[PDB]
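*Asks:* as a preliminary step, the opening chains of the complex are given here in situ:
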Amino acid sequence: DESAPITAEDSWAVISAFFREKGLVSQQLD
Amino acid sequence: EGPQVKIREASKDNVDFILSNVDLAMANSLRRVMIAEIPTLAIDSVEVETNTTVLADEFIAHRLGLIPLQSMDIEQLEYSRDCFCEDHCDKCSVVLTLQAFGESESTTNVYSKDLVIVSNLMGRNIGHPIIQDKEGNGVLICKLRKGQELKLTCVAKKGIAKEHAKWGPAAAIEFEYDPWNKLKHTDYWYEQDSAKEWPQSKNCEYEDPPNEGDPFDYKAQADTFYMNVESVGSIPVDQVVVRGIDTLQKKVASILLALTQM
Amino acid sequence: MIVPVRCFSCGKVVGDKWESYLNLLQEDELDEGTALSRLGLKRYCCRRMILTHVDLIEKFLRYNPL
């Protein structure tokens, strides 16, 4: 399956994608 | 004859053995002299002719300071403090030269065999760098690429381990007596059981279990030691044991003759 | 940075097995625990040194000064 729910371990990849997009200095930069 | 000694295992670099019919102060003093007063040779003073790397120079110096050398004939030479001369005569010190170049497109390494003997070696087997791997390489110093130059004049004098760990040959020790708590000098911490909350000693089998119910032996005394000494390999392990014995005995003989002078 | 010399805990010569410890990952696909086993530091006191060293000298030297 690909349509399964999401274990608590998994969300670090979401954090990876979010930081690779925004960056830390995103507030000042935006 | 008194202090009987028995070997367990030997190699090129570590010796584990049995010391019996001896005393606790004798063993402790043996350890202390074994880590403290074994004279050898190592690099001490450095002359940077020209540096170009991305490292700095006294960093390279302290990096150099820990390279051990050949140490057989170290008794033959003399301390610079007691030597009549000034500035590193051939009797009291040795000279080291290192050369590297930025030749290749890729990165370049410097191994500790690349340093060479310079001055008069006068036939005494002294000051070669120790190789341990299969591939001829004394341990790494610095990395360079295509543009950087190092010219190193270095002078190595005597030194001892007690003022700085540069001249320490020991760099490991092991120490055991009463593996089975028969002398009962300390208890064990426990939360529900003394036995299962602790592992057995590896030295367990050479002394019997404590018979489980006999009264506390009061007039027993410490003996039956377990010494495993693993030297650095700058000097062989038999030589460091017999030389630690030798410097302990010469120290005690020195204080005895000073007393009879007084 | 540079993997250092003579472990604070034990004190034996450390860094002989360094690029060895490197090349037992890539062309062997070898797990680090058995890789440290075969590497042969039976204490842990030196095992940690290579475990938590982080290279910096590569990122240092891939400048081009002078």
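*Replies:* Looks like it came in fine. Numbering: from 1, shown residues only, chains lettered A, B, ... in the order given.

*Asks:* which residues of the stretch 51-200 of chain B lie near chain C?
*Replies:* Counting by Cβ under 8 Å from any Cβ of the partner chain, the stretch 51-200 of chain B comes close to chain C at B:52, B:54-55, B:63, B:66, B:68, B:107, B:132-133, B:137, B:139-140, B:142-143, B:145, B:147, B:165, B:168, B:171-172. Any C-beta I mention is one placed from the backbone N, CA and C, and that applies to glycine too.

*Asks:* try it again at 7 Å.
*Replies:* Counting by Cβ under 7 Å from any Cβ of the partner chain, the stretch 51-200 of chain B comes close to chain C at B:54, B:63, B:66, B:132, B:133, B:139, B:140, B:143, B:145, B:147, B:171, B:172.

*Asks:* so which of those residues belong to strands?
*Replies:* Among these, DSSP state E puts residue B:143 in strands.

*Asks:* just the buried residues from the residues of the stretch 51-200 of chain B next to chain C, in ChimeraX please.
*Replies:* The ChimeraX selection below is limited to those of those classed as buried (16 or more other Cβ atoms under 10 Å in any protein chain shown):
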select /B:63,66,132,139,140,143,145,171,172
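
*Asks:* among the residues of the stretch 51-200 of chain B next to chain C, which two are most distant?
*Replies:* B:147 and B:172 (40.7 Å; Cβ to Cβ).

*Asks:* give me every residue that touches the closest residue to residue C:21 other than its chain neighbours.
*Replies:* Computed as Cβ to Cβ, 6 or more residues apart in numbering or on different chains, the closest residue to residue C:21 that is not its neighbour in sequence is residue C:50, at 5.6 Å. For residue C:50, the contacting residues are C:3, C:18, C:21, by Cβ atoms under 7 Å, 6 or more residues apart in numbering or on different chains.

*Asks:* mind running it again at 8 Å?
*Replies:* Contact analysis of residue C:50 by Cβ atoms under 8 Å, 6 or more residues apart in numbering or on different chains lists C:3, C:14, C:17, C:18, C:21, C:36.

*Asks:* now secondary structure and neighbour count too, for the residues you listed, in a markdown table please.
*Replies:* Output for those, formatted as a markdown table (DSSP: H, G, I helix; E, B strand; the rest coil; neighbours: other Cβ atoms under 10 Å in any protein chain shown):
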| residue | secondary structure | neighbour count |
| --- | --- | --- |
| C:3 | coil | 18 |
| C:14 | coil | 20 |
| C:17 | coil | 21 |
| C:18 | helix | 17 |
| C:21 | helix | 18 |
| C:36 | helix | 19 |
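
*Asks:* and chain D on top of that:
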Amino acid sequence: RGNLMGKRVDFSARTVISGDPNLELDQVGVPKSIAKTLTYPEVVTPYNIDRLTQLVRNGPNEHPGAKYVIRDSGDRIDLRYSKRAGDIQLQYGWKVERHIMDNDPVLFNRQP
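*Replies:* Let me add chain D to what's already shown:
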């Protein structure tokens, strides 16, 4: 407030402490650089003459050390340059400056 009921001073020290279990209460541990830097005037009697003369010969460096000498008038001869170093006879009625030798009385402060 910043000039009359409180102000700057002289003969001052300011470092950070460590404990010790071997020094009793009326002592204090003082570092030797500070003992070189500080001073204390004395007088010249028949009693202190030889120890003071020896400490003057010791120079401005070695730890029982002197830095200044004061004769009868408004006299400040400094021992650092002092090319007539081993020559002063140190007559009575005079004042010398010396480092802190041990068990001198000394007052202590901590803010606030």
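
*Asks:* ok chain D is in now, so what about the contacts of residue C:50?
*Replies:* C:3, C:14, C:17, C:18, C:21, C:36.

*Asks:* mind redoing it with 7 Å?
*Replies:* So residue C:50 contacts C:3, C:18, C:21 (Cβ under 7 Å, 6+ apart).

*Asks:* with residue B:24 instead?
*Replies:* Counted by Cβ under 7 Å, 6+ apart, residue B:24 has contacts residue B:222.

*Asks:* what about it, distance to residue B:7?
*Replies:* The spacing between residue B:24 and residue B:7, counted by Cβ to Cβ, to the nearest Å, is 22 Å.

*Asks:* could you do residue D:110 as well?
*Replies:* Plainly put, residue D:110 is 62 Å away from residue B:7 if you go by Cβ to Cβ.

*Asks:* so for the two, which sits in the more crowded spot?
*Replies:* residue B:7 (9 against 5; other Cβ atoms under 10 Å in any protein chain shown).

*Asks:* now do the SS call for the more buried one.
*Replies:* strand (DSSP: H, G, I helix; E, B strand; the rest coil).

*Asks:* right, and it touches residue B:19 too?
*Replies:* No: with contact defined as Cβ atoms under 7 Å, residue B:7 does not count as touching residue B:19 (10.8 Å).

*Asks:* residue B:168 - how many residues pack around it?
*Replies:* Using other Cβ under 10 Å, residue B:168 has 22 neighbouring residues.

*Asks:* which stretch of helix or strand covers the closest residue to it other than its chain neighbours?
*Replies:* Computed as Cβ to Cβ, 6+ apart, the closest residue to residue B:168 that is not its neighbour in sequence is residue B:161, at 4.1 Å. Assigned by DSSP states H and E, residue B:161 falls within no helix or strand.

*Asks:* which residues of chain C fall in helices?
*Replies:* Under the criterion DSSP state H, chain C contains helices at C:18-26, C:32-39, C:47-52, C:57-61.

*Asks:* same question for chain B.
*Replies:* B:24-36, B:57-64, B:237-261.

*Asks:* helices and strands around the last one, which ones?
*Replies:* Applying 3 or more Cβ pairs under 7 Å, 6 or more residues apart in numbering or on different chains; DSSP states H and E, one finds that helix B:237-261 contacts helix B:24-36.

*Asks:* kindly report the same for the shortest one.
*Replies:* The contact analysis (3+ Cβ pairs under 7 Å, 6+ apart) places helix B:57-64 against strand B:42-50.

*Asks:* in the strand it packs on, what's buried?
*Replies:* B:42, B:43, B:44, B:46.

*Asks:* kindly incorporate the sequence below as chain E:
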Amino acid sequence: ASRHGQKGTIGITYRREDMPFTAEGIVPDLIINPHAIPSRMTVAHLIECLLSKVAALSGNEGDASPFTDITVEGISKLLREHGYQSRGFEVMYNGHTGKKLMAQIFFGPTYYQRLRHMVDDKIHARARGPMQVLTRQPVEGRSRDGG
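*Replies:* That brings us to chain E, laid onto the chains above:
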């Protein structure tokens, strides 16, 4: 300081000939007072040290993970099957004579770091120096040798 606020300074330094030492001779880097612990209530330092020891023996790096399920029981069983004490206590020896020690010691690897306020910027002493022209008093500043 620590990673939990255990600031201070350094008492003395001895050497290994009288440092406390264990069966495998793992001499310490630094030693502090237990009386920090039951007043500042810093359990996080101790659990960091225990996980650090099991990480050192394992080869795996550790984990902190603020709201998760890693417990002292799992840490204890893992380090126990790695062949040591179930909590971190240890047989230990006298520095001087090497007699047995009565108690036992929680002892192991931990992460520290270095501050900025070093001693040479703070040592300062003065006698009969420069004068401020407005007030005829000793001037300010460690830079210009103040009071």
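
*Asks:* let's see the neighbour count of residue B:168 again after adding chain E.
*Replies:* 23.

*Asks:* pretty sure it sits against residue B:160.
*Replies:* No: counting by Cβ under 7 Å, residue B:160 is not a contact partner of residue B:168; they are 9.1 Å apart.

*Asks:* excluding covalently adjacent residues, which one is nearest to the residue nearest the centre of chain E?
*Replies:* Chain E has residue E:30 as the residue nearest its centroid, 5.4 Å off, counting by Cα atoms, centre = their mean. For residue E:30, ignoring the flanking residues on the chain, the nearest one in space by Cβ to Cβ, 6+ apart is residue E:112 at 7.6 Å.

*Asks:* tell me how many other residues crowd that neighbour.
*Replies:* Per other Cβ under 10 Å, the neighbour tally for residue E:112 reads 10.

*Asks:* that one contacts residue E:2, correct?
*Replies:* Yes: in this structure residue E:112 lies within contact range of residue E:2 using Cβ under 7 Å: 6.3 Å.

*Asks:* just checking the distance from the longest helix that chain A contains to the centre of its chain.
*Replies:* Ranked by number of residues, the top helix in chain A under DSSP H is helix A:12-22. The chain centroid and the centroid of helix A:12-22 are separated by 3 Å under Cα atoms, centre = their mean, to the nearest Å.

*Asks:* mind giving me the packing neighbours of that helix?
*Replies:* Packing contacts for helix A:12-22, counted by 3+ Cβ pairs under 7 Å, 6+ apart, involve no helix or strand.

*Asks:* using PDB, list the CA coordinates for it.
*Replies:* Output of helix A:12-22 as PDB, limited to C-alpha atoms (Å, rounded to 0.1, in the frame of the first residue of the first chain):
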ATOM      1  CA  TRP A  12      11.000  14.200   9.700                       C
ATOM      2  CA  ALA A  13      10.900  14.000   5.900                       C
ATOM      3  CA  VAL A  14       8.200  16.700   5.900                       C
ATOM      4  CA  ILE A  15      10.600  18.800   8.100                       C
ATOM      5  CA  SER A  16      13.400  18.100   5.500                       C
ATOM      6  CA  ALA A  17      11.300  19.300   2.600                       C
ATOM      7  CA  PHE A  18      10.100  22.400   4.600                       C
ATOM      8  CA  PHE A  19      13.600  23.500   5.500                       C
ATOM      9  CA  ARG A  20      15.100  22.800   2.100                       C
ATOM     10  CA  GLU A  21      12.400  25.100   0.700                       C
ATOM     11  CA  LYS A  22      12.300  27.900   3.200                       C
END
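
*Asks:* thanks a lot, see you next time.
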